[PDB]
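> Attaching a single structure in structure tokens format; questions to follow.
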Protein chains: 4
Amino acid sequence: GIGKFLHXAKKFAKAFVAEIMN
Amino acid sequence: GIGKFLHXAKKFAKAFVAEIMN
Amino acid sequence: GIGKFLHXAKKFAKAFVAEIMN
Amino acid sequence: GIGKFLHXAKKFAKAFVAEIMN
């Protein structure tokens, strides 16, 4: 899905942000 | 941590790929 | 009806997202 | 392209107007 794909990016965006913070 | 973060990357990678193959 | 209208909407959403990525 | 996307918008607008005008 296109929804799946974008709600994919959002998860990775958030994991990225959590991690640069650590 | 890393595992969780790569396993974020992995899901985005695989969803990005499924999306381009439609 | 609804099915045809929603599937109008879905085509715009897909074209919109494509357009912003290109 | 822009042509494709614009002619996405047009189909959506036509589907919306036709839906909502009952």
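Ordered as shown in the structure tokens, chains take letters A, B, and onward, while each chain numbers its residues from 1 and ligands are numbered from 1 in the order shown.
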Taking only C-alpha atoms into account, find every residue of chain A that has an atom no more than 10 Å from chain C, and write it out as a list in words.

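Using only C-alpha atoms, chain A residues at most 10 Å from chain C: residues 1, 2, 3 and 6 of chain A.
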
> Could you write those residues out with C-alpha atoms, as a PDB file, in the first residue's frame?


ATOM      1  CA  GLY A   1       0.000   0.000   0.000  1.00  0.00           C
ATOM      2  CA  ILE A   2       0.805   3.750  -0.359  1.00  0.00           C
ATOM      3  CA  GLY A   3      -0.568   4.201   3.207  1.00  0.00           C
ATOM      4  CA  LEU A   6       4.141   6.315   4.330  1.00  0.00           C
TER       5      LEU A   6
END
